[PDB]
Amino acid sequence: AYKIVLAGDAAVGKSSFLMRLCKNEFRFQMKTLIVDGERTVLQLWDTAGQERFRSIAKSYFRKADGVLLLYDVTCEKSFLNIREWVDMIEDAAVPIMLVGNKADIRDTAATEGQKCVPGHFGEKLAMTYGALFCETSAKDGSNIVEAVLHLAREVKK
């Protein structure tokens, strides 16, 4: 099994991402992917409930084969804090997949004149880090399985 860690600030949607991926619903865990030819099993750890414990995050990053690092496209601070998480991963570690989650609210946010992190900011930040990038919605399921497959393919190298 490949050990995959979900990290990012509280309230970015880590628990929701896992439930959508594993149980297909919105309100460690095991996940079998078919990646290219092969059956590929993931063991999925998350830092939800424990985000403030740097030592726990760091320990997870040490045992990780790969990291899914979420921010929330509607929460600017969660995107600013990506630097805090990546520094911890670079020190303790591994493929990183940067995920702009909650992409489904962007239209609502935009309509009501509220600020969202544009996707190209995430693409560019991810590029500087040598990280993959993906926008997802744990709510409507969009890109959820695809983000994890893109990470798994990079881990299998």
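Residue positions are given as counts along the sequence shown, with the first one as 1.
- The modelled chain breaks between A93 and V94, where 1 to 3 residues of the deposited sequence lack coordinates.
- Per the record, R39 and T40 are directly connected, as no deposited residue between them is missing from the model.
- Higher average CA B factor: 103-111, of the stretches 103-111 and 120-128.
- When the two stretches 59-67 and 31-39 are set side by side, the higher mean Cα temperature factor goes to 31-39.
- In the PDB entry, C22 places in the highest third of its chain by CA B-factor.
- Among the modelled residues of its chain, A1 has a C-alpha B-factor that falls in the highest third according to the deposited record.
- Per-chain ranking of the deposited C-alpha B factor places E146 in the middle third.
- Placement of the Cα temperature factor of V155 within the chain: highest third of the modelled residues, per the deposited record.
- Annotation for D140: C-alpha temperature factor in the highest third relative to the rest of the modelled chain, per the entry.
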